[PDB]
Amino acid sequence: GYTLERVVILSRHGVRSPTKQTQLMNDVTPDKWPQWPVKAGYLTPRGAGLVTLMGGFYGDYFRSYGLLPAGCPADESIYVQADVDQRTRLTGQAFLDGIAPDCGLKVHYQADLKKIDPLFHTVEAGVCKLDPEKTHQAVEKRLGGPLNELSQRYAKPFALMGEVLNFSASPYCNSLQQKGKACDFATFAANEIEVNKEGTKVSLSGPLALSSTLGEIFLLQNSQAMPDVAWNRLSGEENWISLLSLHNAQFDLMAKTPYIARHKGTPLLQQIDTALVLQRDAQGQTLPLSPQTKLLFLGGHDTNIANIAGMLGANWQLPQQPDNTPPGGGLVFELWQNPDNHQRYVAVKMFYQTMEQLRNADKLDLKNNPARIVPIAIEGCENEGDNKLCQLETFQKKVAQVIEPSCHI
């Protein structure tokens, strides 16, 4: 039986309200968008509740492998570091409240909340720049051709989005008709990538970008347990998968394309790796970890998970969760050891709540209703057995190959 030595969780924050509403999001449907109980982008109180339920599951799971004891953890054995946003801070705290209730443990974060954290937003912080030509070339290579082919590649999902929106009856469609254009949702505008002149932001505009945002909104509505999701026009598991495939495609192109992913993800990959093996003074280990550290939780974003997955050549689909980087989901790194020969191994898993588990705020447990756990294959690793184990030396080698040296924190 192998020993679980240490764990790093790269978590998305929990259920949040939508990002700020734009005129375009309004104009592509005749219907009114449901209002939310919190400011744009904030974790909702129900979202914090769900994260706490997941924290409880994490606690049950890790305690089953003796990583943490019963009751309050040994001090300094869990470290929780969050990005500066409300949704990430509060997710970190909701996690602790679940995994170690009434233990006085606290989320930690950057001293100045009014500045970007380069660990979570490396390119934004100017650590390293994206070159516009290389970015365009890389996203072509990822996609397998020009952006105009997205309309065919995702024809059925785009048609479904237009249906869900009732796009044909929308102000945007009328503006097309008045110029003598048809109202094909897939081609309402061009898909275009823009790298700013500083090389500190890459943005996508057009139908894929919009559809990625809107599909997430619907998924959030459902996860928040709002009574009317997508105006009652979105039903069925395959429709959910198809609609969210636009969102996942947008994350693949904009966040997993290795040129972009390695620039954005180097600091987090190094922090993960160095925490996992507990090389406390190695380059890229940015946190005041103790020798007794057993578990690091990193409270971040879907983009962070995607960046890491793109660096590591990881790709997945989550049963009963159509967003690959879902609310409250965590990309979990486990260090295992064979006590017989001392060989160590890394395992990578997505831990997540299904749509139904989020909507119904299901209490989670190891036996009857567990969070879902999906083992993740890593490109160039042994991926051996059901747990897809990578030999530690192989994993360390892979990390060293895919980091961008210029993007060290």
# chains A, B, ... in the order shown; residues from 1 in each chain; ligands from 1

$ residues_around --residues "residue 305 in chain A" --least-positions-apart "5" --cutoff "7 Å" --atoms "only C-alpha atoms" --output "list in words"
residues 10, 325 and 331 of chain A

$ closest_atom_pairs --of "range 200-245 of chain A" --to "range 258-276 of chain A" --cutoff "12 Å" --atoms "only C-alpha atoms" --output "JSON lines"
{"residue": "A:200", "atom": "CA", "partner": "A:264", "partner_atom": "CA", "distance": 10.0}
{"residue": "A:201", "atom": "CA", "partner": "A:264", "partner_atom": "CA", "distance": 10.3}
{"residue": "A:202", "atom": "CA", "partner": "A:260", "partner_atom": "CA", "distance": 8.9}
{"residue": "A:203", "atom": "CA", "partner": "A:260", "partner_atom": "CA", "distance": 11.5}

$ write_last_selection --atoms "N, CA and C atoms" --output "mmCIF file, in the first residue's frame"
data_model
loop_
_atom_site.group_PDB
_atom_site.id
_atom_site.type_symbol
_atom_site.label_atom_id
_atom_site.label_comp_id
_atom_site.auth_asym_id
_atom_site.auth_seq_id
_atom_site.Cartn_x
_atom_site.Cartn_y
_atom_site.Cartn_z
ATOM 1 N N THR A 200 1.128 42.268 -22.664
ATOM 2 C CA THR A 200 0.632 41.901 -21.337
ATOM 3 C C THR A 200 -0.835 41.437 -21.274
ATOM 4 N N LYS A 201 -1.493 41.372 -22.422
ATOM 5 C CA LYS A 201 -2.864 40.862 -22.498
ATOM 6 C C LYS A 201 -3.097 40.259 -23.864
ATOM 7 N N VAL A 202 -3.801 39.140 -23.862
ATOM 8 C CA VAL A 202 -4.290 38.523 -25.067
ATOM 9 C C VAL A 202 -5.782 38.352 -24.879
ATOM 10 N N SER A 203 -6.530 38.743 -25.895
ATOM 11 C CA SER A 203 -7.985 38.745 -25.809
ATOM 12 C C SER A 203 -8.559 38.099 -27.082
#

$ closest_atom_pairs --of "range 205-314 of chain A" --to "range 159-174 of chain A" --cutoff "12 Å" --atoms "only C-alpha atoms" --output "CSV"
residue,atom,partner,partner_atom,distance
A:207,CA,A:161,CA,10.0
A:208,CA,A:161,CA,10.5
A:210,CA,A:161,CA,10.2
A:211,CA,A:161,CA,7.2
A:212,CA,A:161,CA,10.2
A:213,CA,A:161,CA,11.4
A:214,CA,A:161,CA,8.7
A:215,CA,A:161,CA,8.2
A:216,CA,A:161,CA,12.0
A:218,CA,A:164,CA,10.1
A:229,CA,A:164,CA,10.3
A:230,CA,A:164,CA,6.7
A:231,CA,A:164,CA,7.8
A:232,CA,A:164,CA,8.5
A:233,CA,A:164,CA,5.3
A:234,CA,A:164,CA,6.3
A:235,CA,A:164,CA,9.8
A:238,CA,A:160,CA,11.0
A:239,CA,A:160,CA,7.7
A:240,CA,A:160,CA,9.7
A:241,CA,A:160,CA,11.0
A:242,CA,A:160,CA,8.0
A:243,CA,A:161,CA,6.5
A:244,CA,A:161,CA,9.6
A:245,CA,A:161,CA,10.9
A:246,CA,A:161,CA,9.3
A:247,CA,A:161,CA,11.4

$ write_last_selection --atoms "N, CA and C atoms" --output "compact mmCIF listing (two decimals), in the first residue's frame"
# COMPACT_ATOMS: atom_id res chain seq x y z
N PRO A 207 -17.85 35.43 -31.92
CA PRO A 207 -18.83 34.44 -31.47
C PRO A 207 -18.34 33.37 -30.49
N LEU A 208 -17.14 32.83 -30.68
CA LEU A 208 -16.64 31.89 -29.72
C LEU A 208 -16.48 32.53 -28.29
N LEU A 210 -17.87 35.20 -26.95
CA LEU A 210 -19.20 35.46 -26.39
C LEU A 210 -19.88 34.16 -25.88
N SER A 211 -19.81 33.12 -26.71
CA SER A 211 -20.47 31.88 -26.38
C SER A 211 -19.83 31.19 -25.17
N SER A 212 -18.52 31.35 -25.02
CA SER A 212 -17.82 30.84 -23.87
C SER A 212 -18.32 31.49 -22.57
N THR A 213 -18.51 32.79 -22.64
CA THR A 213 -19.04 33.54 -21.50
C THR A 213 -20.50 33.16 -21.20
N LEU A 214 -21.33 33.13 -22.22
CA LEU A 214 -22.74 32.91 -21.97
C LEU A 214 -23.00 31.49 -21.45
N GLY A 215 -22.30 30.51 -22.04
CA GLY A 215 -22.49 29.14 -21.56
C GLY A 215 -22.16 29.01 -20.06
N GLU A 216 -21.07 29.65 -19.65
CA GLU A 216 -20.72 29.71 -18.23
C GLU A 216 -21.78 30.35 -17.40
N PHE A 218 -25.03 30.37 -17.94
CA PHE A 218 -26.07 29.39 -17.74
C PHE A 218 -25.68 28.34 -16.70
N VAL A 229 -33.30 28.74 -15.65
CA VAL A 229 -32.02 28.75 -16.25
C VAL A 229 -32.14 28.92 -17.76
N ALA A 230 -31.42 29.86 -18.36
CA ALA A 230 -31.46 30.06 -19.83
C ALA A 230 -32.90 30.11 -20.35
N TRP A 231 -33.80 30.82 -19.66
CA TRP A 231 -35.15 31.04 -20.08
C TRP A 231 -35.88 29.74 -20.40
N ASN A 232 -35.55 28.70 -19.64
CA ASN A 232 -36.17 27.38 -19.83
C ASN A 232 -35.96 26.80 -21.24
N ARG A 233 -34.90 27.23 -21.93
CA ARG A 233 -34.66 26.80 -23.30
C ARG A 233 -33.46 25.91 -23.39
N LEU A 234 -32.93 25.46 -22.27
CA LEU A 234 -31.75 24.59 -22.26
C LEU A 234 -31.98 23.39 -21.36
N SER A 235 -32.18 22.22 -21.99
CA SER A 235 -32.50 21.00 -21.24
C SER A 235 -31.76 19.85 -21.94
N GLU A 238 -26.83 16.16 -23.29
CA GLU A 238 -25.99 16.39 -24.47
C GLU A 238 -26.03 17.85 -24.92
N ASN A 239 -27.18 18.49 -24.79
CA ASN A 239 -27.25 19.93 -25.08
C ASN A 239 -26.33 20.72 -24.17
N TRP A 240 -26.33 20.40 -22.88
CA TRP A 240 -25.38 21.03 -21.98
C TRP A 240 -23.92 20.81 -22.37
N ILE A 241 -23.57 19.57 -22.76
CA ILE A 241 -22.23 19.32 -23.17
C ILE A 241 -21.89 20.10 -24.44
N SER A 242 -22.77 20.08 -25.38
CA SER A 242 -22.54 20.73 -26.69
C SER A 242 -22.37 22.26 -26.45
N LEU A 243 -23.26 22.85 -25.68
CA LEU A 243 -23.21 24.31 -25.47
C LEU A 243 -21.90 24.69 -24.78
N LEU A 244 -21.52 23.96 -23.72
CA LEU A 244 -20.30 24.24 -23.00
C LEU A 244 -19.01 23.88 -23.73
N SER A 245 -19.14 23.12 -24.80
CA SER A 245 -17.98 22.84 -25.60
C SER A 245 -17.40 24.08 -26.24
N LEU A 246 -18.24 25.10 -26.47
CA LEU A 246 -17.74 26.40 -26.95
C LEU A 246 -16.82 27.03 -25.89
N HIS A 247 -17.29 27.03 -24.64
CA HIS A 247 -16.51 27.52 -23.48
C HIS A 247 -15.19 26.75 -23.35

$ residues_around --residues "residue 395 in chain A" --least-positions-apart "2" --cutoff "12 Å" --atoms "only C-alpha atoms" --output "PyMOL selection string"
chain A and resi 269+272-274+276-277+312+333-335+344-348+377-383+388-393+397-402

$ select_by_dssp --residues "range 39-210 of chain A" --states "alpha helix (DSSP H)" --output "number ranges by chain"
A: 45-64, 86-99, 132-143, 150-153, 155-165, 171-178, 207-210

$ write_last_selection --atoms "C-alpha atoms" --output "PDB file, in the first residue's frame"
ATOM      1  CA  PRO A  45     -23.116  32.913  -0.193  1.00  0.00           C
ATOM      2  CA  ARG A  46     -24.478  29.665  -1.705  1.00  0.00           C
ATOM      3  CA  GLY A  47     -21.125  29.268  -3.579  1.00  0.00           C
ATOM      4  CA  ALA A  48     -19.220  29.555  -0.283  1.00  0.00           C
ATOM      5  CA  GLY A  49     -21.581  26.934   1.179  1.00  0.00           C
ATOM      6  CA  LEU A  50     -20.771  24.578  -1.702  1.00  0.00           C
ATOM      7  CA  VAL A  51     -17.047  25.105  -1.323  1.00  0.00           C
ATOM      8  CA  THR A  52     -17.410  24.258   2.417  1.00  0.00           C
ATOM      9  CA  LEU A  53     -19.201  21.003   1.395  1.00  0.00           C
ATOM     10  CA  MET A  54     -16.254  20.230  -0.881  1.00  0.00           C
ATOM     11  CA  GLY A  55     -13.790  21.059   1.933  1.00  0.00           C
ATOM     12  CA  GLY A  56     -15.566  18.442   4.000  1.00  0.00           C
ATOM     13  CA  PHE A  57     -15.106  15.891   1.213  1.00  0.00           C
ATOM     14  CA  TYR A  58     -11.471  16.724   0.838  1.00  0.00           C
ATOM     15  CA  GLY A  59     -11.078  16.255   4.565  1.00  0.00           C
ATOM     16  CA  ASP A  60     -12.830  12.838   4.520  1.00  0.00           C
ATOM     17  CA  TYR A  61     -10.691  11.715   1.514  1.00  0.00           C
ATOM     18  CA  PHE A  62      -7.283  12.828   2.768  1.00  0.00           C
ATOM     19  CA  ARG A  63      -7.977  11.656   6.320  1.00  0.00           C
ATOM     20  CA  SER A  64      -8.814   8.220   4.846  1.00  0.00           C
ATOM     21  CA  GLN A  86     -13.034  38.301  -3.213  1.00  0.00           C
ATOM     22  CA  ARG A  87     -14.021  35.051  -4.909  1.00  0.00           C
ATOM     23  CA  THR A  88     -10.657  33.402  -4.406  1.00  0.00           C
ATOM     24  CA  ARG A  89     -10.092  34.676  -0.817  1.00  0.00           C
ATOM     25  CA  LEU A  90     -13.519  33.644   0.298  1.00  0.00           C
ATOM     26  CA  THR A  91     -13.156  30.273  -1.459  1.00  0.00           C
ATOM     27  CA  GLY A  92      -9.916  29.644   0.389  1.00  0.00           C
ATOM     28  CA  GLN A  93     -11.610  30.410   3.718  1.00  0.00           C
ATOM     29  CA  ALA A  94     -14.752  28.387   2.852  1.00  0.00           C
ATOM     30  CA  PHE A  95     -12.410  25.451   2.054  1.00  0.00           C
ATOM     31  CA  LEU A  96     -10.732  25.641   5.515  1.00  0.00           C
ATOM     32  CA  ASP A  97     -14.092  25.939   7.233  1.00  0.00           C
ATOM     33  CA  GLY A  98     -15.024  22.646   5.595  1.00  0.00           C
ATOM     34  CA  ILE A  99     -11.745  20.709   5.987  1.00  0.00           C
ATOM     35  CA  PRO A 132       1.819  39.039 -31.027  1.00  0.00           C
ATOM     36  CA  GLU A 133       3.013  36.982 -34.093  1.00  0.00           C
ATOM     37  CA  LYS A 134       4.045  33.984 -31.998  1.00  0.00           C
ATOM     38  CA  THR A 135       0.731  34.084 -30.172  1.00  0.00           C
ATOM     39  CA  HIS A 136      -1.288  34.051 -33.413  1.00  0.00           C
ATOM     40  CA  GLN A 137       0.914  31.247 -34.884  1.00  0.00           C
ATOM     41  CA  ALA A 138       0.567  29.154 -31.744  1.00  0.00           C
ATOM     42  CA  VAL A 139      -3.213  29.469 -31.489  1.00  0.00           C
ATOM     43  CA  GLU A 140      -3.410  28.402 -35.255  1.00  0.00           C
ATOM     44  CA  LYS A 141      -1.299  25.376 -34.503  1.00  0.00           C
ATOM     45  CA  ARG A 142      -3.509  24.495 -31.508  1.00  0.00           C
ATOM     46  CA  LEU A 143      -6.747  24.877 -33.445  1.00  0.00           C
ATOM     47  CA  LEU A 150     -14.605  27.694 -35.940  1.00  0.00           C
ATOM     48  CA  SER A 151     -18.048  28.253 -37.462  1.00  0.00           C
ATOM     49  CA  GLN A 152     -17.961  24.810 -39.069  1.00  0.00           C
ATOM     50  CA  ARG A 153     -16.049  22.991 -36.316  1.00  0.00           C
ATOM     51  CA  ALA A 155     -21.623  24.467 -36.114  1.00  0.00           C
ATOM     52  CA  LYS A 156     -24.106  22.502 -33.964  1.00  0.00           C
ATOM     53  CA  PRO A 157     -23.075  24.153 -30.648  1.00  0.00           C
ATOM     54  CA  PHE A 158     -23.329  27.608 -32.203  1.00  0.00           C
ATOM     55  CA  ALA A 159     -26.764  26.796 -33.628  1.00  0.00           C
ATOM     56  CA  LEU A 160     -27.858  25.591 -30.225  1.00  0.00           C
ATOM     57  CA  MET A 161     -26.598  28.828 -28.606  1.00  0.00           C
ATOM     58  CA  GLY A 162     -28.588  30.878 -31.074  1.00  0.00           C
ATOM     59  CA  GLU A 163     -31.674  28.807 -30.184  1.00  0.00           C
ATOM     60  CA  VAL A 164     -31.139  29.187 -26.477  1.00  0.00           C
ATOM     61  CA  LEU A 165     -30.794  32.959 -26.958  1.00  0.00           C
ATOM     62  CA  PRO A 171     -31.639  43.436 -31.407  1.00  0.00           C
ATOM     63  CA  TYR A 172     -28.275  42.196 -32.768  1.00  0.00           C
ATOM     64  CA  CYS A 173     -30.006  40.086 -35.403  1.00  0.00           C
ATOM     65  CA  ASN A 174     -32.207  42.970 -36.413  1.00  0.00           C
ATOM     66  CA  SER A 175     -29.073  45.164 -36.813  1.00  0.00           C
ATOM     67  CA  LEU A 176     -27.708  42.517 -39.210  1.00  0.00           C
ATOM     68  CA  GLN A 177     -30.994  42.275 -41.137  1.00  0.00           C
ATOM     69  CA  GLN A 178     -31.144  46.049 -41.509  1.00  0.00           C
ATOM     70  CA  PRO A 207     -18.827  34.442 -31.468  1.00  0.00           C
ATOM     71  CA  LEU A 208     -16.635  31.888 -29.718  1.00  0.00           C
ATOM     72  CA  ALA A 209     -15.621  34.392 -26.986  1.00  0.00           C
ATOM     73  CA  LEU A 210     -19.200  35.461 -26.386  1.00  0.00           C
TER      74      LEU A 210
END

$ closest_residue --among "A:365, A:102, A:27, A:5" --to "residue 188 in chain A" --atoms "only C-alpha atoms"
A:27

$ closest_residue --among "A:29, A:17, A:3, A:321" --to "residue 42 in chain A" --atoms "only C-alpha atoms"
A:17

$ closest_residue --among "A:257, A:304, A:360, A:279" --to "residue 13 in chain A" --atoms "only C-alpha atoms"
A:304

$ select_by_dssp --residues "range 181-398 of chain A" --states "strand (DSSP E or B)" --output "ChimeraX atom specification"
/A:192-195,202-205,295-300,318,321,330-337,344-352,372-375,384,389-391

$ write_last_selection --atoms "C-alpha atoms" --output "compact mmCIF listing (two decimals), in the first residue's frame"
# COMPACT_ATOMS: atom_id res chain seq x y z
CA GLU A 192 -10.32 37.76 -33.73
CA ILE A 193 -7.34 37.58 -31.40
CA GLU A 194 -5.71 40.80 -30.15
CA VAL A 195 -2.35 40.95 -28.23
CA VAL A 202 -4.29 38.52 -25.07
CA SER A 203 -7.99 38.74 -25.81
CA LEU A 204 -10.47 36.94 -28.03
CA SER A 205 -13.52 38.66 -29.50
CA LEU A 295 -1.41 20.20 2.02
CA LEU A 296 -1.20 23.45 0.01
CA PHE A 297 -4.44 24.86 -1.37
CA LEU A 298 -4.10 27.44 -4.15
CA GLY A 299 -7.28 29.52 -4.61
CA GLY A 300 -7.25 30.53 -8.33
CA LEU A 318 -15.76 15.44 -16.76
CA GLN A 321 -19.97 18.44 -15.52
CA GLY A 330 -9.74 21.38 -8.17
CA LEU A 331 -6.78 20.06 -10.11
CA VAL A 332 -5.15 17.92 -7.39
CA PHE A 333 -1.49 16.80 -7.30
CA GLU A 334 -0.68 13.89 -4.99
CA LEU A 335 2.80 12.67 -3.99
CA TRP A 336 2.78 8.92 -3.29
CA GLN A 337 5.60 6.67 -2.07
CA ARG A 344 7.91 8.24 -5.34
CA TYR A 345 5.11 9.00 -7.83
CA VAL A 346 2.90 11.93 -8.80
CA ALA A 347 -0.78 11.49 -9.47
CA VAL A 348 -2.99 14.18 -10.94
CA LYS A 349 -6.81 14.27 -10.53
CA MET A 350 -9.75 16.64 -11.14
CA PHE A 351 -12.00 16.71 -8.03
CA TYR A 352 -15.40 18.27 -8.69
CA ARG A 372 -16.27 13.02 -8.54
CA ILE A 373 -12.61 12.22 -9.00
CA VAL A 374 -11.12 11.83 -12.51
CA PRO A 375 -7.51 10.73 -12.95
CA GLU A 384 0.60 3.82 -15.20
CA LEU A 389 1.00 7.49 -11.85
CA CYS A 390 4.09 9.33 -13.11
CA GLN A 391 7.48 8.42 -11.63

$ atom_distance --atom1 "CA of residue 387 in chain A" --atom2 "CA of residue 12 in chain A"
22.1 Å

$ closest_residue --among "A:224, A:290, A:81, A:307" --to "residue 43 in chain A" --atoms "only C-alpha atoms"
A:224

$ residues_around --residues "residue 409 in chain A" --least-positions-apart "4" --cutoff "8 Å" --atoms "only C-alpha atoms" --output "ChimeraX atom specification"
/A:118-119,122,127,267,284

$ write_last_selection --atoms "N, CA and C atoms" --output "mmCIF file, in the first residue's frame"
data_model
loop_
_atom_site.group_PDB
_atom_site.id
_atom_site.type_symbol
_atom_site.label_atom_id
_atom_site.label_comp_id
_atom_site.auth_asym_id
_atom_site.auth_seq_id
_atom_site.Cartn_x
_atom_site.Cartn_y
_atom_site.Cartn_z
ATOM 1 N N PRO A 118 1.395 38.357 -9.295
ATOM 2 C CA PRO A 118 2.058 37.698 -10.455
ATOM 3 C C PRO A 118 2.074 36.206 -10.432
ATOM 4 N N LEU A 119 1.813 35.563 -9.290
ATOM 5 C CA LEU A 119 1.691 34.129 -9.250
ATOM 6 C C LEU A 119 0.476 33.656 -10.057
ATOM 7 N N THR A 122 0.598 36.181 -14.312
ATOM 8 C CA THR A 122 1.970 36.369 -14.585
ATOM 9 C C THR A 122 2.245 37.352 -15.742
ATOM 10 N N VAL A 127 5.652 39.971 -15.914
ATOM 11 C CA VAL A 127 6.816 39.107 -15.642
ATOM 12 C C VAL A 127 7.491 38.749 -16.961
ATOM 13 N N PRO A 267 4.926 30.326 -13.207
ATOM 14 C CA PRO A 267 5.038 30.481 -11.736
ATOM 15 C C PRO A 267 4.168 29.505 -10.957
ATOM 16 N N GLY A 284 11.020 29.532 -7.353
ATOM 17 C CA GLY A 284 9.627 29.344 -7.644
ATOM 18 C C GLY A 284 8.752 28.978 -6.448
#

$ closest_residue --among "A:286, A:369, A:354, A:221" --to "residue 110 in chain A" --atoms "only C-alpha atoms"
A:286

$ decode --residues "range 146-218 of chain A" --atoms "C-alpha atoms" --output "PDB file, in the first residue's frame"
ATOM      1  CA  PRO A 146      -7.578  29.651 -39.191  1.00  0.00           C
ATOM      2  CA  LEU A 147     -10.138  31.063 -36.798  1.00  0.00           C
ATOM      3  CA  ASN A 148     -12.809  31.385 -39.477  1.00  0.00           C
ATOM      4  CA  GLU A 149     -13.121  27.575 -39.442  1.00  0.00           C
ATOM      5  CA  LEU A 150     -14.605  27.694 -35.940  1.00  0.00           C
ATOM      6  CA  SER A 151     -18.048  28.253 -37.462  1.00  0.00           C
ATOM      7  CA  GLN A 152     -17.961  24.810 -39.069  1.00  0.00           C
ATOM      8  CA  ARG A 153     -16.049  22.991 -36.316  1.00  0.00           C
ATOM      9  CA  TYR A 154     -18.647  24.144 -33.755  1.00  0.00           C
ATOM     10  CA  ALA A 155     -21.623  24.467 -36.114  1.00  0.00           C
ATOM     11  CA  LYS A 156     -24.106  22.502 -33.964  1.00  0.00           C
ATOM     12  CA  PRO A 157     -23.075  24.153 -30.648  1.00  0.00           C
ATOM     13  CA  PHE A 158     -23.329  27.608 -32.203  1.00  0.00           C
ATOM     14  CA  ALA A 159     -26.764  26.796 -33.628  1.00  0.00           C
ATOM     15  CA  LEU A 160     -27.858  25.591 -30.225  1.00  0.00           C
ATOM     16  CA  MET A 161     -26.598  28.828 -28.606  1.00  0.00           C
ATOM     17  CA  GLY A 162     -28.588  30.878 -31.074  1.00  0.00           C
ATOM     18  CA  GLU A 163     -31.674  28.807 -30.184  1.00  0.00           C
ATOM     19  CA  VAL A 164     -31.139  29.187 -26.477  1.00  0.00           C
ATOM     20  CA  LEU A 165     -30.794  32.959 -26.958  1.00  0.00           C
ATOM     21  CA  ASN A 166     -33.638  33.200 -29.396  1.00  0.00           C
ATOM     22  CA  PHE A 167     -31.069  35.139 -31.406  1.00  0.00           C
ATOM     23  CA  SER A 168     -33.276  35.496 -34.502  1.00  0.00           C
ATOM     24  CA  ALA A 169     -35.575  37.757 -32.441  1.00  0.00           C
ATOM     25  CA  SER A 170     -32.698  39.805 -30.890  1.00  0.00           C
ATOM     26  CA  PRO A 171     -31.639  43.436 -31.407  1.00  0.00           C
ATOM     27  CA  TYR A 172     -28.275  42.196 -32.768  1.00  0.00           C
ATOM     28  CA  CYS A 173     -30.006  40.086 -35.403  1.00  0.00           C
ATOM     29  CA  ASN A 174     -32.207  42.970 -36.413  1.00  0.00           C
ATOM     30  CA  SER A 175     -29.073  45.164 -36.813  1.00  0.00           C
ATOM     31  CA  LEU A 176     -27.708  42.517 -39.210  1.00  0.00           C
ATOM     32  CA  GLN A 177     -30.994  42.275 -41.137  1.00  0.00           C
ATOM     33  CA  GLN A 178     -31.144  46.049 -41.509  1.00  0.00           C
ATOM     34  CA  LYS A 179     -27.707  45.891 -43.240  1.00  0.00           C
ATOM     35  CA  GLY A 180     -29.020  43.011 -45.439  1.00  0.00           C
ATOM     36  CA  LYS A 181     -27.142  40.222 -43.609  1.00  0.00           C
ATOM     37  CA  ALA A 182     -28.590  36.870 -42.447  1.00  0.00           C
ATOM     38  CA  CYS A 183     -28.701  36.009 -38.768  1.00  0.00           C
ATOM     39  CA  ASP A 184     -26.347  33.114 -38.502  1.00  0.00           C
ATOM     40  CA  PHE A 185     -25.206  33.057 -34.866  1.00  0.00           C
ATOM     41  CA  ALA A 186     -21.919  31.285 -35.656  1.00  0.00           C
ATOM     42  CA  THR A 187     -20.856  34.161 -37.949  1.00  0.00           C
ATOM     43  CA  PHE A 188     -22.446  37.212 -36.270  1.00  0.00           C
ATOM     44  CA  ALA A 189     -18.958  38.725 -36.261  1.00  0.00           C
ATOM     45  CA  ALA A 190     -15.414  37.523 -36.881  1.00  0.00           C
ATOM     46  CA  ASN A 191     -13.432  35.553 -34.321  1.00  0.00           C
ATOM     47  CA  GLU A 192     -10.322  37.762 -33.730  1.00  0.00           C
ATOM     48  CA  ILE A 193      -7.336  37.576 -31.397  1.00  0.00           C
ATOM     49  CA  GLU A 194      -5.708  40.804 -30.147  1.00  0.00           C
ATOM     50  CA  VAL A 195      -2.355  40.951 -28.229  1.00  0.00           C
ATOM     51  CA  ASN A 196      -1.875  44.433 -26.843  1.00  0.00           C
ATOM     52  CA  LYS A 197       1.205  46.397 -27.768  1.00  0.00           C
ATOM     53  CA  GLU A 198       2.827  45.813 -24.352  1.00  0.00           C
ATOM     54  CA  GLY A 199       2.434  41.995 -24.719  1.00  0.00           C
ATOM     55  CA  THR A 200       0.632  41.901 -21.337  1.00  0.00           C
ATOM     56  CA  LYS A 201      -2.864  40.862 -22.498  1.00  0.00           C
ATOM     57  CA  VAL A 202      -4.290  38.523 -25.067  1.00  0.00           C
ATOM     58  CA  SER A 203      -7.985  38.745 -25.809  1.00  0.00           C
ATOM     59  CA  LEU A 204     -10.473  36.935 -28.033  1.00  0.00           C
ATOM     60  CA  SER A 205     -13.523  38.656 -29.502  1.00  0.00           C
ATOM     61  CA  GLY A 206     -16.437  37.392 -31.542  1.00  0.00           C
ATOM     62  CA  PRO A 207     -18.827  34.442 -31.468  1.00  0.00           C
ATOM     63  CA  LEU A 208     -16.635  31.888 -29.718  1.00  0.00           C
ATOM     64  CA  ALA A 209     -15.621  34.392 -26.986  1.00  0.00           C
ATOM     65  CA  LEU A 210     -19.200  35.461 -26.386  1.00  0.00           C
ATOM     66  CA  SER A 211     -20.473  31.877 -26.378  1.00  0.00           C
ATOM     67  CA  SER A 212     -17.821  30.840 -23.868  1.00  0.00           C
ATOM     68  CA  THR A 213     -19.037  33.537 -21.497  1.00  0.00           C
ATOM     69  CA  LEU A 214     -22.735  32.908 -21.970  1.00  0.00           C
ATOM     70  CA  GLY A 215     -22.490  29.144 -21.557  1.00  0.00           C
ATOM     71  CA  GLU A 216     -20.722  29.715 -18.229  1.00  0.00           C
ATOM     72  CA  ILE A 217     -23.460  32.058 -17.176  1.00  0.00           C
ATOM     73  CA  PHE A 218     -26.070  29.392 -17.745  1.00  0.00           C
TER      74      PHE A 218
END
